[PDB]
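Following: one structure in structure tokens, then a few remarks.
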Amino acid sequence: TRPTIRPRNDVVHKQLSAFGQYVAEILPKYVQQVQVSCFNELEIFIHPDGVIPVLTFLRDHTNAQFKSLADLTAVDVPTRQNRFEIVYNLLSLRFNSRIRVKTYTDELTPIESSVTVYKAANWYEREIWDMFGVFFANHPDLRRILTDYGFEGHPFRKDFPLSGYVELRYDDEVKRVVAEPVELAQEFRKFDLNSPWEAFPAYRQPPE
Amino acid sequence: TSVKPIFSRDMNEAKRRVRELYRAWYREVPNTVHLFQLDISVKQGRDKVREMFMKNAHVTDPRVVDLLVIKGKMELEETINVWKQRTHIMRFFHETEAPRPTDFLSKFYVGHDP
Amino acid sequence: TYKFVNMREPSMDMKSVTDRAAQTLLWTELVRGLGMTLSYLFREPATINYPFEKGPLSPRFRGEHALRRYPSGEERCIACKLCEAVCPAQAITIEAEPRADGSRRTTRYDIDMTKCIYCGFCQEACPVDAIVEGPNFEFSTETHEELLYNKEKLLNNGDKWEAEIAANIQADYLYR
Amino acid sequence: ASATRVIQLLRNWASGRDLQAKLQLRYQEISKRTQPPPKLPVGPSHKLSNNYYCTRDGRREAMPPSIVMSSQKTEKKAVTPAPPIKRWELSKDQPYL
Amino acid sequence: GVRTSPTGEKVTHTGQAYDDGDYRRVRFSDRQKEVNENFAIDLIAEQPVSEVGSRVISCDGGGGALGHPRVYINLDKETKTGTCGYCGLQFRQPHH
Amino acid sequence: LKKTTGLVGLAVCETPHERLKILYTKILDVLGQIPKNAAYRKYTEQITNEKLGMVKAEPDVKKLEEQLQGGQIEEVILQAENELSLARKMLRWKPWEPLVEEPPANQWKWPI
Amino acid sequence: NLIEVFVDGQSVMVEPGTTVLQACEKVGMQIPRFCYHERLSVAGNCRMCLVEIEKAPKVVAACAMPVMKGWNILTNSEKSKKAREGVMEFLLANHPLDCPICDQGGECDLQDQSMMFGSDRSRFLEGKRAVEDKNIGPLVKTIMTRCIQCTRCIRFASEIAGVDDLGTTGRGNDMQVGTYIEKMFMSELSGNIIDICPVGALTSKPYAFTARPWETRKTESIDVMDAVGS
Amino acid sequence: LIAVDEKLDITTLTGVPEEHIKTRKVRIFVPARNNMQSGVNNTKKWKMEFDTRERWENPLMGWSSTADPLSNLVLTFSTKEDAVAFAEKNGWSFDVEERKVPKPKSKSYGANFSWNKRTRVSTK
Ligand SMILES: CCCCCCCC/C=C\CCCCCCCC(=O)O[C@H](COC(=O)CCCCCCC/C=C/CCCCCCCC)COP(=O)(O)OCCN
Ligand code: SF4
Ligand code: SF4
Ligand code: SF4
Ligand code: SF4
Ligand code: FES
Ligand SMILES: [Mg+2]
Ligand SMILES: [Zn+2]
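Residue numbers (our numbering), protein chains in the order written: chain D, 22 to 229; chain A, 2 to 115; chain Z, 68 to 243; chain F, 41 to 137; chain S, 1278 to 1373; chain G, 4 to 115; chain X, 3 to 232; chain E, 110 to 233.
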């Protein structure tokens, strides 16, 4: 045996691969890619305007009853033309499975709101808008959810500073809390941790 | 190229939306001054609304203008519903920040900032 | 497997109907709750007589920080900055230089106790058992500045608490 | 605990149980605060031979995800993400409360 | 071994002492300066030098797993003592 | 025949077989408007004929629920309705067409 | 003309005389190394760059072995991994437990390559070797118990700085690097032995104990002490 | 779909202050290899970082203070073109440094033992 190595499940890997091929065949218009990670997670990369068709299919189809939306989030990758990557995590209770659907967008391109498919998408898309700046087209009530009232900027973008630009204090002259430019008594000490030696050859990129 | 229009297909429709939002913000300043019990004048509030509208006057992209009017509408509805406090309304005015020097000699005397 | 938490139906015999009617008219379950509260009244309270009685603690407890010494009196800290590296909250500030005898020793060792999250990573990462999180937990101050400890304060804490710190480390060092 | 026989009887009658059997205050039944020293085990990788890290390296066996289908790159039966979940069985210990 | 600056302020084991014209001395008015009296340099100098009859010795600081990482010190230079640099402990070979 | 389905908001159906036959027939009728070569049409037609054959061969409700493996017969009816709605929408969306557009050159490359 | 070799089955066109290490570098693979520097001559004594060829029963020194036509270099094979683990085991077997008091700290090649290419456990149940510390002037601090005898400082001194005052005295496990006499290694290019020494055997004396590599921020500027503009 | 021919500009939407948009010059570069180690894995990607601003010493505790929000902000890009496009759309000034790669070198072990050339080494 190998006590310290995580065991694999080739049966589940095969089942997920088969279902990925199934979905890719059923929806050729939008599905761009299908992957299965080696810890058995199915991932479907679609064109950004197939969000409603693909999600409605994955929710209503008899062989894919993904009735529950576990999560909805975005990832900011500045090096891409479409920096923002919208991620949908679906759970199928009927087949005891989970799926992931991935979409891309940038600052000025809206993504169709999926509140007509899942009701949790309401607050999930409000948070995505608030924290990343992604606009969702037909959203019942799209506004800030987590940031302070009047907060300027979207803090989860990679180019946003960790401590932001303004900070609050109470001013006795005006008898109210005021917003003033940030100024740190001890500046955050940035550590360079990355080792100059390659760790995982299996992910080595071509020299190009 | 052929980019997806968010709300407006041309700059004229974006200008129309900007004018509608300006009318909405202009007609709400008296109510805001009354409800929040601010010590400013209605003229000061309208001048601030014009100034905030006018610092985006250089934008020539209909999509950026659509996003600006979307955010302006959101922050108008925060004011109308009294979700904001007097704190934020007065944060629009920077009444506590010291006057930052703008000439080379004053900046040179003060410190190392460009 | 599963079970139903509320899926039973009442019996409709005349005796059961009369019993339920008596419970409705004569507040039987309400009196039962009264009896439970009275039972608790005649039980013994669980309150300790602080500050003359203290709650139980263990050798693993993480309280106020301290810098230790060798039995010779020499400081254990060698200014290796592993605690500064591992500190989640960035609450440790360290600056070092060669001492007059050439030792690798700290000149500045600060811990912001208002930034510290009392996680104990610094004493896990210390290779010489210099920085420890002692047993003291009653060190509340009246001003914020008094909570920004420096090297003199931490060495004073170590000197004051060394006996108990040594005993706790002796008790718990075989689990580490 | 320390209680008069009358008070214990009244407490038992009021609550309808035997409180002395299940007490919420701890009287000398807990472990001693001083214990003998431990001696913990080592593990499976603490041998002096036949123990090469390359044969027990979990991280280096991670792989990039397998590309099932890519756009860039008989009658098939319809599939499901997994076999349908089996119906749960009602508990034998206590099916109903 | 504490020492007093010409301004009356105690000098710490790092040599810190505010200047005469430094305004920051105001913080100690009606209060005190936190200074630890024991100096590690003085105490470790007070420690004696151990003599062992071997070229290489090992020091773990005392206590085993409760000390510092065990290191080996080469006692070949007859003009100086070998110092364990974790704990500052001096060792030597018997001369003469 | 049964008092409850155990699910809040899901009512017991008195005539499950008739409703299932109606729903499956309607689903098959909607699928006839989809192009024959569409992968969606073949798969859901296959599973609908598979389910429709069972509802016409087993008159016992418990045995039918066992054979369908869809939970309860009310859940099966609800899923048939969801499938019918999806079939109509897919007829509107027409997802059998070739890919709308390829992504940019490195849109899914990771790490990056 | 260029010959064709294979690194892990991938074709590379390399000039004759190119070594295995340089061919792997060409395809983007950096072979572990201690004694090899590309600005110095080739020593081949640390044996850290041993790799497996497809049909060769024996591992070769990648830093000193010219590639032959149609060679397949197995950089991540079992033989290569075990060779690296054995070499790292010997090095760490005699190394001292000085990491917290070592300026090389978070920028040590012994540490990084031990975390990447070595085993995570020690089989050494003996006593370690302790080496007397030499003195070569006010700039470079020598703690020679950490030396791994890679002879980079000797090659650098000689070839680059034209000073032949460094060498190895004795032989066997008791081989030492130094001057054999109390002589100071003073040269206008003396800190580069601080740079090229992979371990904390040679460290900067002005910089001693002041900081750690992760703390520091790096600003890329140029030198103004002379008109070279380094 | 609509056609608009403009340079992308999102400064009005990012919420950055005007001074931190207009007075900032970022440096697009590939990091230089740390000379203390022989690894080359940190020289793969392009970095974007801002110009250094003032840091002073705190009167209490003597810590290092700052008033520059963008002091610790470092962005990672796979290509110079990506980094430049990001800087341009965010409106910062930028200076680009061309990547420096070591030139190929001719290494020969047998050169250590030349019969008539100076490459013969005096020691091993
Ligand atoms: C010879 C012929 C004689 C003819 C007379 C016959 C009368 C004798 C029999 C009838 C007597 C019935 C008792 C009357 C009081 C009944 C009140 C009642 O309606 O019961 C409860 C209502 O009462 C309550 O719920 C009480 C709630 C508040 C309880 C909190 C405090 C009570 C606990 C303290 C105990 C009080 C002890 C009283 C002491 C008095 C000392 C002066 C029913 O309400 P629900 O259960 O919600 O359902 C009704 C609709 N489905
Ligand atoms: S306990 Fe945790 S947060 Fe506190 S100083 Fe130690 S490492 Fe930092
Ligand atoms: S980890 Fe320990 S020895 Fe290292 S700097 Fe911190 S307190 Fe000092
Ligand atoms: S040279 Fe490297 S491995 Fe050796 S003690 Fe120093 S940091 Fe540790
Ligand atoms: S002192 Fe450093 S450079 Fe010289 S041989 Fe030893 S490890 Fe190599
Ligand atoms: S790097 Fe090749 S043997 Fe040292
Ligand atoms: Mg070095
Ligand atoms: Zn020691």
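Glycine included, every Cβ here is placed at the ideal spot set by N, Cα and C.
CB contact check: D:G71 to chain A, cutoff 7 Å: no
Is any beta-carbon of chain E found at less than 7 Å from that of A:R24? no
Quick one: which residues of the region 80-99 of chain D get their C-beta closer than 7 Å to a C-beta of chain A? List them in chain order. none
Taking 6 Å as the cut-off, is the beta-carbon of X:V165 closer than that to any non-hydrogen atom of ligand 5? no
Closer than 8 Å between beta carbons: that is the criterion. Which residues of the region 161-193 of chain E meet it against chain Z? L169, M170, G171 and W172
Please tell me whether, using a cut-off of 6 Å, the distance from the CB of A:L36 to the nearest non-hydrogen atom of ligand 3 is below it. no
Mind pulling the chain C residues with CB within less than 7 Å of F:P124? Among the protein chains in the structure shown, which are D, A, Z, F, S, G, X and E, there is no chain C.
For S:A1317, go through chain Z and note every residue whose CB falls closer than 8 Å to its CB, in chain order. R136, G140, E141, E142 and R172
Regarding X:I196 and ligand 7, is the C-beta to nearest heavy atom distance less than 6 Å? yes
Just to make sure I have the definition right: I need the residues of chain S whose C-beta is within less than 8 Å of the C-beta of Z:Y242. Which are they? Near Z:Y242 there are no residues of chain S at all, since even the closest Cβ is about 12 Å away, more than 8 Å.
Sequence-distant residues of its chain with Cβ nearer than 7 Å to A:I81 (five each side left out): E29
What does the shell around ligand 8 hold, if a residue joins when its beta-carbon is under 7 Å from any heavy atom? S:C1336, S:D1337, S:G1338, S:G1344, S:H1345, S:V1348, S:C1361, S:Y1363, S:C1364 and S:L1366
Any non-hydrogen atom of ligand 4 closer than 6 Å to X:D100 Cβ: yes
Looking at chain A, which residues of the region 127-139 of chain D have a Cβ within less than 9 Å of any of its Cβ atoms? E128, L129, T130 and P131
Closest to X:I183 by C-alpha separation, out of X:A25, X:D167 and X:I33, would be which residue? X:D167
Other residues of its chain near S:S1335: CB distance less than 8 Å, five sequence neighbours each side excluded: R1347, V1348, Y1349 and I1350
By C-beta, the residues closer than 7 Å to any heavy atom of ligand 1, given in chain order: Z:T91, Z:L92, Z:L93, Z:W94, Z:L97, Z:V98 and Z:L101
My understanding is that Z:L124 touches Z:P202, with C-beta atoms under 8 Å, so please give their C-beta distance in whole angstroms. 7 Å
Should X:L112 be counted as a contact of ligand 4 given a C-beta to heavy atom distance under 6 Å? yes
Using a Cβ-Cβ distance under 7 Å, would Z:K148 count as near chain X? yes
Using a Cβ cut-off of 9 Å, pull out every chain F residue sitting near Z:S106, in sequence order please. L50, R51, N52, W53, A54, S55, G56, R57 and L59
Please indicate yes or no: does the CB of X:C199 lie closer than 6 Å to some heavy atom of ligand 7? yes
Return yes when at least one heavy atom of ligand 3 lies under 6 Å from the C-beta of Z:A197, else no. yes
So A:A15 and A:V66 are supposed to be a Cβ contact under 8 Å. How far apart are they, rounded? 4 Å
At a threshold of 6 Å, does X:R148 count as lining ligand 4 (C-beta to nearest heavy atom)? yes
Can you check whether the C-beta of residue 1 of chain A is within less than 7 Å of a C-beta belonging to chain E? The displayed coordinates of chain A run from 2 to 115. Any statement about residue 1 of chain A would go beyond what the structure contains.
Neighbourhood of F:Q48 by C-beta distance below 8 Å, restricted to the same chain and skipping five residues each side: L59 and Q60
Is Z:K148 close to ligand 3? I mean its beta-carbon at under 6 Å from any heavy atom of the ligand. yes
Residue range of the unbroken beta strand (DSSP E) whose run includes Z:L149: It is not in any beta strand (DSSP E) - Z:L149 instead sits in the alpha helix (DSSP H) that spans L149 to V153.
Cutting at 6 Å between CB atoms, please list the residues of its own chain near E:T120, excluding the five before and the five after it. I130 and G200
Ligand 5 and X:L204: does any heavy atom of the ligand fall closer than 6 Å to the residue's C-beta? yes
Contacts that A:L39 makes with chain E (C-beta to C-beta distance below 8 Å): In chain order: nothing, as chain E lies at least about 24 Å away.
Relative to ligand 2, is the shortest distance from any of its heavy atoms to the C-beta of Z:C183 smaller than 6 Å? yes
X:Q106 beta carbon near ligand 4 (any heavy atom closer than 6 Å): yes
Every unbroken beta strand (DSSP E) inside the region 136-178 of chain D [3 residues or more]: none
Name the DSSP beta bridge partners of Z:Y176, please? Z:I161
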